[PDB]
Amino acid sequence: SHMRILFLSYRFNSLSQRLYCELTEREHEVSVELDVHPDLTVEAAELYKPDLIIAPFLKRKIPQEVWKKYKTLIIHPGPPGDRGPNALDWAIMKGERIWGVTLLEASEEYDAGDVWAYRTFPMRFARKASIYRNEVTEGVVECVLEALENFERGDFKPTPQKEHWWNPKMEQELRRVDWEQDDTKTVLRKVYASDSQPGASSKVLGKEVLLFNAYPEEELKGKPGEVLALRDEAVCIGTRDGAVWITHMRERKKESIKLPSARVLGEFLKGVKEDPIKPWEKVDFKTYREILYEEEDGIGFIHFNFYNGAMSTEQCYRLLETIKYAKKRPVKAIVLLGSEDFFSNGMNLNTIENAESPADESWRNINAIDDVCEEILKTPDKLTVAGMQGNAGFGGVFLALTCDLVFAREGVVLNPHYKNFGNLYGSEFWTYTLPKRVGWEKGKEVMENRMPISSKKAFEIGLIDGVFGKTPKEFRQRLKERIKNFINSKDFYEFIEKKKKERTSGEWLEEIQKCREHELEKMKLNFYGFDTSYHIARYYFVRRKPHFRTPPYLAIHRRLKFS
């Protein structure tokens, strides 16, 4: 009753990773062929001979010789009959109240195959990636699981399409932000529809950029088109009726790096000064707050909204400062909440690659993230909690594991490994935390494994402490109650006195230092040594270079002993 399934993915992205967990944790075998070349895709199908092919994320036609021979199902992020490559972009730009996803057969005509499954859902006014990672992904899981049952039943007939409409690839003239004709609702709509690819073109300070990650501004006003303010490298720009923050941009030039706005504009920003708001301040108006600290019921909650979960060196220090502020407050627990889209993805490879010496910036970034980790570990008199509302990868996973307790929302996917970025040893105290949670035997096993694992699986194997909630609000609410209940019990004071004993002794303190030394000595080699596979992987990832091979850890069918 177990299927052999082949994924064709342009990139092994968040949706492909979630489907991989859902299918393999039901004891199907999934092999992945990245979309490298049509002849390689033909070979992959003939090698693997799947029962079923699923294309979760595809950027071009599947060769007829594949899908005429192997049942091939295609994910389309629009409701049935919707066709074309930017379904979600158009739904956001048109303001569709209701949207959907459709699982359909490959066909000669684009998006014209018979329908196997579909779901619909109400839209949010939100980033396309947010819709994609939540409503679309959850819709797609449901569709795929349904089609797996249908496939194994045996007499299923898909439903041919009836009405159909075509939306083209959306041109940048459509996305383009005109600061004088566009109110804030319109700017948000265009950036949302273009986030996190391909960005909304615009002219800022007479400079051509792509705009990512917008936020409204009810307070500051100014000339439409002028930079009103700076804040944690985000710029505030006047709109036809208000203002809007733009945290990230990139130069409108091929293979340019997406970066915080201040690092793109550069010396166009002489003179513009900061408008800081410390995360523990309260305001009554909508603005942009990267980090937010809020106290409730004896709990200090640290939200940190780092774009794509990447923590640059400076962002790490802002978080370290907020943690240190929280540890001086009269709270029994401190909770790291990340953002709704990501808990954390470790070091910011984009700021690293953009530095004059990526090696040097990697050294600053990994020491800064370790400093955050070490601050959390050295908290003897408070409960520490990591609350993963969204996915976590690389250092981000292990930042969480420094907390006393780790909880994840349902549907969260973890990537608790580094070697996919060419041989990184990793740090973030993983050599102290992972064996403490799971033992070395089980520990080496998961980090040698290079594939994602669900928060459910992480829970089963003891990597995290619980999974619950379907939405971020529901998760935060149930988390707040679990913590509130604990910090008002005997087990809390027992716990704290035991934790105070451990983390004030010189033994534990030097065991902690020696783990950091060991990890950073290996990380020094990754960064400065003869082997440069980390810097090479970084280059292709950050620059969105296409793949030239599928490595064997993804492609079962490209392995030696493969029979």
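Heads up: residue numbers just count along the shown sequence, starting at 1.
*Compare the mean C-alpha B-factor of 280-288 with that of 305-313 as given in the PDB entry, and name the stretch with the higher value.*
Stretch with the higher mean C-alpha B-factor: 280-288.
*Taking the mean of the C-alpha B-factors per stretch from the entry, tell me the winner out of 189-197 and 247-255.*
Higher mean C-alpha B-factor: 247-255.
*Compare the CA B factors listed in the entry for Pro80, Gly411, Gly139, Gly443 and report the winner.*
Among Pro80, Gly411, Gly139, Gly443, the highest C-alpha B-factor in the entry belongs to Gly443.
_Out of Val227, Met123, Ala386, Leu103, highest CA B-factor residue_ = That would be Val227.
_Considering every modelled residue of the chain and its Cα B-factor in the PDB entry, is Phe459 in the lowest, middle or highest third?_
According to the entry, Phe459 has a C-alpha B-factor in the chain's middle third.
*Pull the Cα B-factor of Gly222 out of the PDB entry and bin it into the chain's lowest, middle or highest third.*
For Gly222, the deposited C-alpha B-factor lands in the highest third.
*Can you work out whether the C-alpha temperature factor of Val36 puts it in the lowest, middle or highest third of the chain?*
Bottom third by C-alpha B-factor.
_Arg175 CA temperature factor, ranked by third within the chain_ = For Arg175, whose C-alpha B-factor we compare with every modelled residue in the chain, the answer is the lowest third.
*With respect to C-alpha B-factor, does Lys68 fall in the lowest, middle or highest third of the chain as deposited?*
Middle third by C-alpha B-factor.
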